[PDB]
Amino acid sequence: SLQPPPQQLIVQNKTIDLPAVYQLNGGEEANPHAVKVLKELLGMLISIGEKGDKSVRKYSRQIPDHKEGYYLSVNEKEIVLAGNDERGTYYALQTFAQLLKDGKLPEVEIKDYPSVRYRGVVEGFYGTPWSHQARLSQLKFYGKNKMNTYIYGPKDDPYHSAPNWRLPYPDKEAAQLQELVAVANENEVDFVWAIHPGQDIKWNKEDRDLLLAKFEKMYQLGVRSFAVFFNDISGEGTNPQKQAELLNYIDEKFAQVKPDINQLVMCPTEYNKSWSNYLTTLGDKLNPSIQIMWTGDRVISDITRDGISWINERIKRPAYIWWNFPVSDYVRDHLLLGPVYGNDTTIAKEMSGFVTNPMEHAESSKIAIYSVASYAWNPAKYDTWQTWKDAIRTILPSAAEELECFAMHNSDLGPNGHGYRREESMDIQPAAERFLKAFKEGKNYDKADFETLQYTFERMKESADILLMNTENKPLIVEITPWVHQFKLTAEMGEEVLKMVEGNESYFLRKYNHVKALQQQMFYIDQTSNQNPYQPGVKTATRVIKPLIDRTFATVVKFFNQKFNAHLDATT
């Protein structure tokens, strides 16, 4: 199992021992970051190097001729880790580290390279920006999954957006950015520093000079890739001719002047199909090397063949995709922990880049991020479900089943202004649907369904309790804890409500009162946890499980009230 899966893989059904004695050719000429991964993992010859190095001369026809490509070979006689370029060598090592299992390797031959040129993450959501420690952890994770791109653009950073985009970062923060940049470098990730000036930009010399001075300060802190964001603004900063002129100016006086600038990227104001001469003005005027970002047919959407042709026709270049999932900044009471799916797997050539805007919950986003990394590297082989399982097992190996259970009932967004939904709880959804119907109509429910609902609530309780106490990824557990409490409460409510379904008039009373107490505890968590100004609270298992419970409760309470002439409160 390899994530992302390589372009080409031939496996020989033999295994070799990681050599106790070995001879390393190329250690001094190969990418230092790749050599470092190799030595920590470690007579038999091992050859490491970039094409052009004396170490790998014998394999140069083996090395794929692609940016970031690599040839990797393991057999009983030798090991070869040969990049087409320095980052390709590092990528060989990240594949190599996954082959190693118990001091053993399979005999293989891999030729690999990314299908999409830029792959990664844009921290571009509304809400609490990622902590410094969060970001350090992200960048290690990106290099492991061959994501080469991190776009730094937290809407609420005042040195990124209006009005202090004009001011150098204060010393403390600048030292932090500088560390991020060094750590990105170590993990072969391009730190792309974004600026968001359009809300108060003046199309004059004063503001244009300030923007270049700011980019120059960022250059001094090590930054080598840059973006200019014009998303979600109003006023004169939306002018497409002015924007293109600015980006072209930046390109002419900065990106073409410095020896080593990599990505120059812009996010347009009209960044999705439903929100549109703006696009053709940019496509025609903006220098061809400059990237243009795009979220799809709507603010939140998945990328289709027709959707991507539509945009590429207007911008006159392959669109650099900003995918708004798992971003939850418009449904902040939900965690979106489901599979990444819905994106067309045959359009790699029609995109310059593919990044995912994640949740404010950094560790919880690694499930989707790991999947996006898999998809963007090798879309033709992208496997939604398997990759979601591999993500979870990679992130929490000590409690993989429990995180799966929690994530599979924490996927949908609930009703929202963007109209964007995800599947959730599909496993039990038939059994749920059948159970509910047998009440609506007044018939006997199938027993197997009752038990499947029991088993589901039980596994939910187990997973909640185990996740709470897990110490392998504490930051993850801190992020999800309030939803964990609420998820456990849901499961307990579920067990008690089913017990109410199985008839004693005094037993039913105990169980009803118990359920009233559980509802109250859930109200309390919803009223005191995650109290943001927009979608306060904590909602979990909303698509299928919570309605199933609430409906079943309202039904059985009604039957009871009709039977014993009582007036129990049937609300939820």
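The first residue of the sequence shown is number 1, and the count goes up from there.
- Unmodelled deposited residues between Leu42 and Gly43: 4 to 9, per the record.
- Where coordinates are absent for parts of the deposited sequence, a chain break appears; between neighbours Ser276 and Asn277 it spans 4 to 9 residues.
- If you average the C-alpha B-factors over 198-206 and over 449-457, the higher value belongs to 449-457.
- Taking the mean C-alpha B-factor of each stretch as recorded, 359-367 and 261-269 are not equal, and the higher mean is that of 261-269.
- Out of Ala134, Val497, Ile392, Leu336, the entry records its largest CA B-factor for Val497.
- Comparing C-alpha B-factors across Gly83, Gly283, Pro168, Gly120 in the deposited entry, the largest value falls on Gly283.
- Annotation for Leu467: C-alpha temperature factor in the lowest third relative to the rest of the modelled chain, per the entry.
- Split the chain's modelled residues into thirds by C-alpha temperature factor. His33 is in the middle one.
- For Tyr159, the recorded CA B-factor ranks within the middle third of the chain. Only modelled residues enter the ranking.
- The entry lists a Cα temperature factor for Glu188 that places it in the lowest third of the chain's modelled residues.
- Placement of the Cα temperature factor of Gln521 within the chain: middle third of the modelled residues, per the deposited record.
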